[PDB]
Amino acid sequence: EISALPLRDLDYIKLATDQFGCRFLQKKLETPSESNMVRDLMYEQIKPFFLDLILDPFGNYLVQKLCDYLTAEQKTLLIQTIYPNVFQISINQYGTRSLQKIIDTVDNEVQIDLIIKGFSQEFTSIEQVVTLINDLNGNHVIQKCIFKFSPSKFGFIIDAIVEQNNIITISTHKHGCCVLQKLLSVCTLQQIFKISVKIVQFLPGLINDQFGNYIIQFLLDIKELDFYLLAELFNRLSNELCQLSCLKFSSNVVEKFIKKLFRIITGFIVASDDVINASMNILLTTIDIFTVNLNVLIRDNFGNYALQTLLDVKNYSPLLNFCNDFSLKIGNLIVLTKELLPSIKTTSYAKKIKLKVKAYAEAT
RNA sequence: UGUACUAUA
């Protein structure tokens with residue numbers, strides 16, 4: 001009986017909030033003969049209520065559907081109407097879906113700059129941006145921005161991250177750490193630098209955090225950061241390297257760090273020159289620390305993985321006068337390690353370490 | 001022997 005009515009007489013604002021009414025409208029937008037007609041008729045009636053529909057359990061579906069048919073002028077007017085409410089929209093269960101879809105179908109820079117304006121401090125505080133980055137619903141909007149927009153629009157995200165100690169609030173959060181990684185995967189090198197400075201600054205609250213440890217590891221995979229990050233991290237952590245190797249989360253960073261030293265030095269033998277220099281030094285100094293603390297590391301529930309990584313010839317066979325020092329030091333660690341094998345007979349991983357001293361012997 | 005992946009009829 002609803003289908004018997006001319007489109008001109010429909011109560012669109014009433015149908016948008018109704019489930020089956022909304023579905024009916026979406027179906028009309030999908031019927032090519034009536035799509036433009038019903039789009040224009042419904043648009044004029046619902047435009048005072050754009051915010052209301054965006055936040056609505058059924059209305060949000062209509063808004064999403066509309067995004068596939070709206071003219072550039074219609075979409076622009078829509079965004080002009082709701083850009084100051086991006087925070088409230090983003091934390092909303094239904095709003096997040098609407099906004100993602102809107103960002104996903106922008107037609108031009110005018111529209112993008114309007115959304116970005118709404119995320120600026122004129123309408124959304126730094127603290128609110130931090131909230132969005134960690135929010136169950138909002139983090140998806142921030143991600144959409146990251147994958148849809150040019151990094152030249154990332155100001156409000158970068159500004160919020162580097163403010164005071166927000167790097168902690170974000171990197172140690174279950175959603176924020178994921179968001180931060182996606183950002184780093186696509187943003188500009190200079191944007192990476194600014195965030196890395198803050199990450200190094202608050203390293204101790206990050207390196208053994210359940211989520212923060214993934215951030216430190218993510219940085220170690222960015223080659224453009226090698227020229228400073230290796231020396232910078234080692235200098236913050238050297239004095240507690242043994243302790244860090246013996247902790248659940250940071251133990252994985254130590255391994256990642258040791259592997260990275262190996263890949264960099266061996267890549268030279270088989271490639272930035274300055275890195276290599278200090279990478280060789282850090283590696284030698286690391287072997288020394290692990291040699292000194294061998295008795296604790298070989299015995300520790302987490303420390304033994306770091307030790308085994310350092311001892312595995314799969315990682316350093318091209319290295320067999322740095323090669324000279326390395327061979328003496330890694331050889332001596334092997335000797336001392338095997339002397340200790342009977343003192344760990346109990347442990348379930350003794351055979352794994354026996355296998356590595358053996359593999360060393362076969363290679364040498 | 002050892003760590004994270006989230007949301008609408």
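We use all heavy atoms of the structure for the numbers below, so side chains are in, but hydrogens, waters and symmetry mates are not. Chain A is the first sequence line, chain B the second, and so forth, proteins listed ahead of strands; every chain is numbered from 1.
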Using a 3.5 Å limit on both pairing distances, list the dot-bracket string of RNA chain B from the 5' end; Watson-Crick and G-U wobble pairs count, crossing pairs take [ ], interstrand pairs take |.
.........
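- Using the six-membered ring where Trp is involved, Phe234(A) and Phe257(A) have ring planes that are parallel, under 30° apart on the 30 and 60° scheme.
- Stacking between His175(A) and the base of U6(B) is present: ring centres sit under 5.5 Å apart and the planes differ by under 30 degrees.
- If you check distances only, the side chain of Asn301(A) never reaches the base of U1(B) with a donor-acceptor pair under 3.5 Å.
- For the pair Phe119(A) and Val141(A), the minimum side-chain heavy-atom distance is below 4.5 Å.
- In this structure, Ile216(A) atom CD1 and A4(B) atom P are separated by 18 Å, rounded to whole Å.
- One atom, NZ of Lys354(A), and another, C1' of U1(B), lie 16 Å apart when rounded to the nearest Å.
- Among the atoms of the strands shown, only primed sugar atoms or phosphate atoms (P, OP1, OP2) are found under 4.0 Å from some heavy atom of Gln93(A).
- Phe156(A) places a side-chain heavy atom less than 4.5 Å from the side chain of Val129(A).
- The NE2-P distance, from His173(A) to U3(B), rounds to 21 Å in whole Å.
- By the stacking rule of 5.5 Å between ring centres and under 30° between planes, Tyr214(A) stacks on the base of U3(B).
- Distances from the side chain of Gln19(A) to the nucleotides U1(B), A4(B), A9(B) place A9(B) closest.
- Straight-line distance from the NE2 atom of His140(A) to the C1' atom of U8(B): 11 Å, rounded to whole Å.
- Panel note: side chain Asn60(A), backbone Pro57(A); a donor-acceptor pair is recorded below 3.5 Å.
- For the pair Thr337(A) and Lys356(A), the minimum side-chain heavy-atom distance is 4.5 Å or more.
- For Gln181(A) against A4(B), a side-chain N or O and a base N or O form a donor-acceptor pair under 3.5 Å.
- Near-neighbour residues of RNA chain B inside residues 244-259 of chain A, defined by a heavy atom below 4.0 Å, number-ordered: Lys248(A), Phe249(A), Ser251(A), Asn252(A), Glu255(A).
- Checked against the 6.0 Å centroid criterion, the rings of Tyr12(A) and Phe24(A) do not qualify as a close aromatic pair.
- Side-chain proximity of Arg97(A) to the nucleotides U1(B), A4(B), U8(B) is greatest for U8(B).
- Side-chain proximity of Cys178(A) to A4(B), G2(B), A7(B): nearest is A4(B).
- No side-chain heavy atom of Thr71(A) sits less than 4.5 Å from a side-chain heavy atom of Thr76(A).
- Remark: ring of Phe302(A) not stacked against base of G2(B); the cut-offs of centroid gap under 5.5 Å and plane tilt under 30° are not jointly satisfied.
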Could you tabulate the donor-acceptor pairs under 3.5 Å formed by side-chain atoms of residues 142-150 of chain A, not counting sequence neighbours?
unit_1    : atom_1 : unit_2    : atom_2 : d
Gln143(A) : OE1    : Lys182(A) : NZ     : 2.9
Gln143(A) : NE2    : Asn139(A) : OD1    : 2.7
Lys148(A) : NZ     : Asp104(A) : O      : 3.2
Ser150(A) : OG     : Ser152(A) : N      : 3.4
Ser150(A) : OG     : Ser152(A) : OG     : 3.4

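- The shortest non-hydrogen separation linking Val162(A) to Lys198(A) is O-CE, 3.2 Å.
- At whole-Å resolution of the value, CG in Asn134(A) and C1' in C5(B) are 14 Å apart.
- Under the 4.0 Å criterion applied to side-chain N and carboxylate O atoms, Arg23(A) and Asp18(A) are not assigned as salt-bridge partners.
- Counting only heavy atoms from C-beta on, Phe58(A) has its side chain closest to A9(B) among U1(B), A4(B), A9(B).
- One atom, CG of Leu55(A), and another, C1' of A9(B), lie 17 Å apart when rounded to the nearest Å.
- Nearest nucleotide to the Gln64(A) side chain, out of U8(B), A4(B), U1(B): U8(B).
- As judged by a 4.0 angstrom heavy-atom cut-off over every strand, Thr347(A) is placed among residues making no nucleic acid contact.
- Listed here is the closest heavy atom pair of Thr96(A) and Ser90(A): CB-O, 3.6 Å.
- Rounding to whole angstrom units, CG of residue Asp18(A) and P of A9(B) are separated by 16 Å.
- In this structure, of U8(B), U1(B), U6(B), it is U6(B) that holds the atom nearest to the side chain of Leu136(A).
- What separates CD1 of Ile133(A) from P of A4(B) is a distance of 23 Å, to the nearest Å.
- At a cut-off of 3.5 angstrom, the base of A7(B) holds no donor-acceptor pair with the side chain of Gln143(A).
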